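Have a look at the structure below before the remarks.
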Amino acid sequence: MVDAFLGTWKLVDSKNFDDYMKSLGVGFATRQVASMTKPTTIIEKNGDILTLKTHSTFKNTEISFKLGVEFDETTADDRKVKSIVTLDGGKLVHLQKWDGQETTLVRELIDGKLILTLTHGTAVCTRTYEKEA
Ligand SMILES: CC/C=C\C/C=C\C/C=C\C/C=C\C/C=C\C/C=C\CCC(=O)O
């Protein structure tokens with residue numbers, strides 16, 4: 001089910017990430033640094049517990065979750081959110097809720113690349129990751 005997503009992924013394309021960060025209220029200096037950072041995303045499973053690590057020179061995050069079970073999360077920009085990750089149409093869909101707001105982080109595989117679509121408000125960011133060996 002989620003096997004094709006597992007492994008180590010490196011950022012290779014980013015569109016509209018500044019728009020997404022600005023929609024979330026991220027300050028200009030953080031958005032500068034973030035716009036030049038190329039994170040590595042590691043997705044691992046152990047039974048039905050997934051762990052998703054995002055590593056960079058600026059900030060690191062890690063979450064663990066079961067699909068379809070809500071979890072508390074503190075995001076890279078310090079939002080305290082209620083999260084759930086599920087498979088939907090073969091896509092790994094992560095929904096975050098806080099203060100009545102929502103954002104979605106949708107991952108899909110296209111030609112072996114991992115496409116992450118981030119939506120908040122009207123802002124839609126598309127980031128592309130390539131698999132590391
Ligand atoms: C954690 C390292 C990943 C990306 C950029 C570097 C530092 C992050 C700090 C601030 C960014 C601010 C807001 C972004 C909001 C949510 C984080 C979601 C996705 C990170 C981007 C990704 O996984 O490619």
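Residues are named by chain letter and number: chains run A, B, ... in the order of the structure tokens, numbers start at 1 in each chain, and ligands are numbered from 1 in the order shown.
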query: When DSSP works through the backbone of this structure, what residues of segment 57-130 of chain A end up as strand (DSSP E), shown as a ChimeraX atom specification?
result: /A:61-66,71-74,80-88,91-98,101-110,113-120,123-130
Could you write those residues out with C-alpha atoms, as a PDB file, in the first residue's frame?
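Now in result09.pdb:
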```pdb
ATOM      1  CA  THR A  61      11.543  17.341  11.627  1.00  0.00           C
ATOM      2  CA  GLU A  62      10.355  13.817  12.374  1.00  0.00           C
ATOM      3  CA  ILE A  63       6.856  12.406  12.766  1.00  0.00           C
ATOM      4  CA  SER A  64       5.606   8.880  13.438  1.00  0.00           C
ATOM      5  CA  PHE A  65       2.043   7.808  12.820  1.00  0.00           C
ATOM      6  CA  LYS A  66      -0.325   4.997  11.879  1.00  0.00           C
ATOM      7  CA  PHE A  71      -1.731  12.377  15.920  1.00  0.00           C
ATOM      8  CA  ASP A  72      -0.452  15.591  17.431  1.00  0.00           C
ATOM      9  CA  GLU A  73       2.270  17.326  15.402  1.00  0.00           C
ATOM     10  CA  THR A  74       4.432  20.415  15.821  1.00  0.00           C
ATOM     11  CA  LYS A  80       0.687  22.795  16.876  1.00  0.00           C
ATOM     12  CA  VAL A  81      -1.714  20.818  14.717  1.00  0.00           C
ATOM     13  CA  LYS A  82      -3.957  17.757  14.706  1.00  0.00           C
ATOM     14  CA  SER A  83      -2.838  15.513  11.848  1.00  0.00           C
ATOM     15  CA  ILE A  84      -3.941  12.439   9.979  1.00  0.00           C
ATOM     16  CA  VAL A  85      -2.227  10.644   7.095  1.00  0.00           C
ATOM     17  CA  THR A  86      -4.064   8.261   4.827  1.00  0.00           C
ATOM     18  CA  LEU A  87      -3.768   6.633   1.410  1.00  0.00           C
ATOM     19  CA  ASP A  88      -6.315   8.075  -1.045  1.00  0.00           C
ATOM     20  CA  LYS A  91      -1.540   9.141  -2.800  1.00  0.00           C
ATOM     21  CA  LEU A  92      -0.232   9.635   0.688  1.00  0.00           C
ATOM     22  CA  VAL A  93      -2.504  12.474   2.023  1.00  0.00           C
ATOM     23  CA  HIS A  94      -1.533  14.370   5.167  1.00  0.00           C
ATOM     24  CA  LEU A  95      -4.133  16.748   6.579  1.00  0.00           C
ATOM     25  CA  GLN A  96      -3.217  19.223   9.353  1.00  0.00           C
ATOM     26  CA  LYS A  97      -5.868  21.101  11.355  1.00  0.00           C
ATOM     27  CA  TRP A  98      -5.336  23.988  13.795  1.00  0.00           C
ATOM     28  CA  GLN A 101      -7.469  26.207   9.509  1.00  0.00           C
ATOM     29  CA  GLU A 102      -6.374  23.294   7.372  1.00  0.00           C
ATOM     30  CA  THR A 103      -3.485  22.459   5.079  1.00  0.00           C
ATOM     31  CA  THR A 104      -2.906  19.375   2.986  1.00  0.00           C
ATOM     32  CA  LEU A 105       0.412  17.773   2.071  1.00  0.00           C
ATOM     33  CA  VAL A 106      -0.244  15.271  -0.735  1.00  0.00           C
ATOM     34  CA  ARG A 107       2.450  12.901  -2.012  1.00  0.00           C
ATOM     35  CA  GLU A 108       2.170  10.960  -5.256  1.00  0.00           C
ATOM     36  CA  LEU A 109       4.518   9.005  -7.447  1.00  0.00           C
ATOM     37  CA  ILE A 110       4.865  10.052 -11.118  1.00  0.00           C
ATOM     38  CA  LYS A 113       9.515  10.822  -8.752  1.00  0.00           C
ATOM     39  CA  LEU A 114       7.725  11.846  -5.588  1.00  0.00           C
ATOM     40  CA  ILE A 115       5.524  14.917  -6.080  1.00  0.00           C
ATOM     41  CA  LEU A 116       4.519  16.773  -2.897  1.00  0.00           C
ATOM     42  CA  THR A 117       1.627  19.214  -3.308  1.00  0.00           C
ATOM     43  CA  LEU A 118       1.155  21.645  -0.408  1.00  0.00           C
ATOM     44  CA  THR A 119      -2.120  23.629  -0.244  1.00  0.00           C
ATOM     45  CA  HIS A 120      -3.075  26.313   2.280  1.00  0.00           C
ATOM     46  CA  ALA A 123      -1.556  28.822  -2.268  1.00  0.00           C
ATOM     47  CA  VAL A 124      -0.535  25.630  -4.058  1.00  0.00           C
ATOM     48  CA  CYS A 125       3.102  24.537  -3.989  1.00  0.00           C
ATOM     49  CA  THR A 126       4.525  21.604  -5.924  1.00  0.00           C
ATOM     50  CA  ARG A 127       7.846  20.077  -4.884  1.00  0.00           C
ATOM     51  CA  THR A 128       9.525  17.192  -6.601  1.00  0.00           C
ATOM     52  CA  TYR A 129      11.813  14.649  -4.937  1.00  0.00           C
ATOM     53  CA  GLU A 130      14.060  11.970  -6.587  1.00  0.00           C
TER      54      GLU A 130
END
```
task: Kindly compile the residues surrounding ligand 1 within 8 Å, counting only C-alpha atoms and all ligand atoms, and format them as a VMD selection string.
output: chain A and resid 11 17 20 to 21 24 26 30 to 31 33 to 35 37 to 41 54 to 61 75 to 77 105 116 118 127
Output for the residues just chosen: C-alpha atoms as a PDB file, in the first residue's frame:
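Output contents, as saved in again.pdb:
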```pdb
ATOM      1  CA  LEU A  11      14.474  17.736  -3.405  1.00  0.00           C
ATOM      2  CA  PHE A  17       6.982  27.263  -1.829  1.00  0.00           C
ATOM      3  CA  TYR A  20       2.794  28.508   0.676  1.00  0.00           C
ATOM      4  CA  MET A  21       5.063  29.665   3.501  1.00  0.00           C
ATOM      5  CA  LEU A  24       1.098  30.175   6.704  1.00  0.00           C
ATOM      6  CA  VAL A  26       6.240  32.402   7.957  1.00  0.00           C
ATOM      7  CA  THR A  30      12.864  32.068   7.381  1.00  0.00           C
ATOM      8  CA  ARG A  31      11.328  31.992   3.893  1.00  0.00           C
ATOM      9  CA  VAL A  33      16.680  30.456   4.013  1.00  0.00           C
ATOM     10  CA  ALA A  34      13.975  27.849   3.262  1.00  0.00           C
ATOM     11  CA  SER A  35      13.926  28.849  -0.467  1.00  0.00           C
ATOM     12  CA  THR A  37      17.428  24.621   1.224  1.00  0.00           C
ATOM     13  CA  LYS A  38      17.201  21.151  -0.425  1.00  0.00           C
ATOM     14  CA  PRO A  39      15.839  18.791   2.158  1.00  0.00           C
ATOM     15  CA  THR A  40      16.108  15.048   2.322  1.00  0.00           C
ATOM     16  CA  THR A  41      12.877  13.194   3.184  1.00  0.00           C
ATOM     17  CA  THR A  54      12.761  15.770   6.851  1.00  0.00           C
ATOM     18  CA  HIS A  55      16.428  16.803   7.169  1.00  0.00           C
ATOM     19  CA  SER A  56      18.176  19.976   6.080  1.00  0.00           C
ATOM     20  CA  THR A  57      20.876  22.478   6.928  1.00  0.00           C
ATOM     21  CA  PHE A  58      18.226  24.775   8.489  1.00  0.00           C
ATOM     22  CA  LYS A  59      15.580  22.711  10.342  1.00  0.00           C
ATOM     23  CA  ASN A  60      14.855  19.025  10.850  1.00  0.00           C
ATOM     24  CA  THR A  61      11.543  17.341  11.627  1.00  0.00           C
ATOM     25  CA  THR A  75       5.406  21.582  12.358  1.00  0.00           C
ATOM     26  CA  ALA A  76       8.707  23.020  11.108  1.00  0.00           C
ATOM     27  CA  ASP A  77       7.186  26.528  11.459  1.00  0.00           C
ATOM     28  CA  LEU A 105       0.412  17.773   2.071  1.00  0.00           C
ATOM     29  CA  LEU A 116       4.519  16.773  -2.897  1.00  0.00           C
ATOM     30  CA  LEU A 118       1.155  21.645  -0.408  1.00  0.00           C
ATOM     31  CA  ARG A 127       7.846  20.077  -4.884  1.00  0.00           C
TER      32      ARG A 127
END
```
task: Enumerate, as a list in words, the complete set of residues in segment 4-116 of chain A that a backbone-based DSSP assignment places in alpha helix (DSSP H).
output: residues 17, 18, 19, 20, 21, 22, 23, 28, 29, 30, 31, 32, 33, 34 and 35 of chain A
- line: In Å and to one decimal, atom CA of residue 89 of chain A is distant from atom CA of residue 43 of chain A by 18.8 Å
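Proximity to residue 1 of chain A was assessed for A:14, A:22, A:90, A:46 counting only C-alpha atoms; the smallest distance is recorded for A:90.
Nearest residue to residue 111 of chain A, choosing from A:28, A:131, A:42, A:70 and counting only C-alpha atoms: A:131.
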- request: May I ask for the distance between atom CA of residue 132 of chain A and atom CA of residue 68 of chain A, given in Å to one decimal place?
  value: 27.5 Å
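In terms of minimum interatomic distance to residue 45 of chain A, A:67 ranks closest within A:9, A:78, A:67, A:23, counting only C-alpha atoms.
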message: Nearest residue to residue 8 of chain A out of A:121, A:25, A:51, A:69, using only C-alpha atoms?
response: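 The shortest atom-to-atom distance to residue 8 of chain A comes from A:51.
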- prompt: Out of A:133, A:2, A:29, A:36, which residue has the shortest atom-to-atom distance to residue 48 of chain A when counting only C-alpha atoms?
  reply: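 Of A:133, A:2, A:29, A:36, the one nearest residue 48 of chain A is A:2, counting only C-alpha atoms.
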